[PDB]
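Contents: one structure, followed by commentary.
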Amino acid sequence: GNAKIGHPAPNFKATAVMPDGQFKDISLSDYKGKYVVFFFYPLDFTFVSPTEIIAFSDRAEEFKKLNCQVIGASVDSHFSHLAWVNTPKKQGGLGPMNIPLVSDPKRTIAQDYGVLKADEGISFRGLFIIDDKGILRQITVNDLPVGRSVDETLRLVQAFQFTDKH
Amino acid sequence: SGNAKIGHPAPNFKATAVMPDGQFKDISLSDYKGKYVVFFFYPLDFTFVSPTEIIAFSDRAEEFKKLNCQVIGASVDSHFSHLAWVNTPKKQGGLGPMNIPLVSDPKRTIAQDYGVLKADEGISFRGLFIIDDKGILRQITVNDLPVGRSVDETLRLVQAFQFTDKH
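The listed protein sequences correspond, in order, to chains B and A. According to PDB author numbering, the first sequence is numbered sequentially starting from 4. According to PDB author numbering, the second sequence is numbered sequentially starting from 3.
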């Protein structure tokens, strides 16, 4: 991949399903001036990913207070993302989202970030912290079975911002 | 760059370390087959954030022992530098006695194999890697220099990989 600490995070432009339930083409560069947490998950309609997605969405206000945009992504189509959003939570759906969910059907974004599981065409659980100047500050990659922690992500974002001002 | 890939064998190394008994010993990652390994880099000895991380992992080594997990720290400093830092009491800004080995990577080849060498400064980023008992890399963590790592989070991850290994 091209994700290197201290270098500009690779830009992307891709269709996302937005919090209002509509599709929009967004770019990482849209969020210059804010910190960004950009995380990949393997596939829609799975059982580890919804715990993570719902936690980041439920707690989006805590990232807002850190002037930090959270963006999720997977190789599944944006239509599949919306289908999972519209599935009732009591049946295993995501429910309404406070974060956008990017579609990476060409796998080029996952490749740019070095998190494509090449033998299976899906992303590992990659999470990237990008500062307000677009510079990559933190790389996290978990193998497929093991989820990430919103608490840890908030600790990291806040710590980078504090040390930025030092 | 680097050869650290999730789901592939973690890059082996053979290097001089300062062991918990305070003596030099050449160790290899493959020595620890059969155990989980947390392998972490820090930029260089005799600094300010790194000792807090090193001491935290050393102080809490028993919690990794209870998970059949070996913790190993590393930097590009010489093995004499590591020993001097250990021999400096914590009261005076040193590490004090350690419960974990500290690997010396003076040729920078281990940092390069793990993709954490910061070009031009000849130091490693704050890289941390979780390797299972088969030697397979399961987790990559890399922090830019100013921000340290969490022992709690590392234990959460080791526990979760061992949990999911059961199915």
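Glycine included, every Cβ here is placed at the ideal spot set by N, Cα and C.
- With fewer than 16 neighbouring CB atoms inside 10 Å of its own CB, residue 110 of chain A falls in the exposed class.
- One thing to note: residue 43 of chain A has its Cβ within 7 Å of the Cβ of residue 76 of chain A.
- In the structure shown, residue 110 of chain B adopts coil according to DSSP, grouped into three states.
- Listed along the chain, the chain A residues whose CB falls inside 7 Å of the CB of residue 9 of chain B are 146.
- Non-local beta-carbon contacts of residue 88 of chain B in its own chain, meaning distances under 8 Å to residues more than five positions away in sequence, involve 20, 24, 96, 97, 98, 99, 100 and 104 in chain order.
- The C-beta distance from residue 153 of chain B to residue 6 of chain B rounds to 21 Å, too long to meet the 8 Å contact threshold.
- In this structure, the CA atom of residue 149 of chain B is about 17 Å from the CA atom of residue 137 of chain A.
- Using a C-beta cut-off of 8 Å, the stretch 124-134 of chain A makes contact with the stretch 27-47 of chain A, since at least three inter-stretch Cβ pairs fall below that distance.
- Residues of the same chain with a CB within less than 6 Å of the CB of residue 51 of chain A, apart from the 5 flanking positions on each side, are 150 in chain order.
- Residue state for residue 156 of chain A is assigned as helix, using DSSP reduced to three classes.
- Going by DSSP, residue 67 of chain A is part of the alpha helix (DSSP H) stretching over 63-67.
- Between the C-alpha atoms of residue 74 of chain B and residue 164 of chain B there is a straight-line separation of about 18 Å.
- Annotated as distal: residue 155 of chain B and residue 55 of chain A, with beta-carbon spacing of 7 Å or more.
- In the displayed model, residue 148 of chain B falls within coil according to three-state DSSP, outside both helix and strand.
- Inter-residue distance for residue 168 of chain B and residue 135 of chain B is about 13 Å (C-alpha atoms, whole angstroms).
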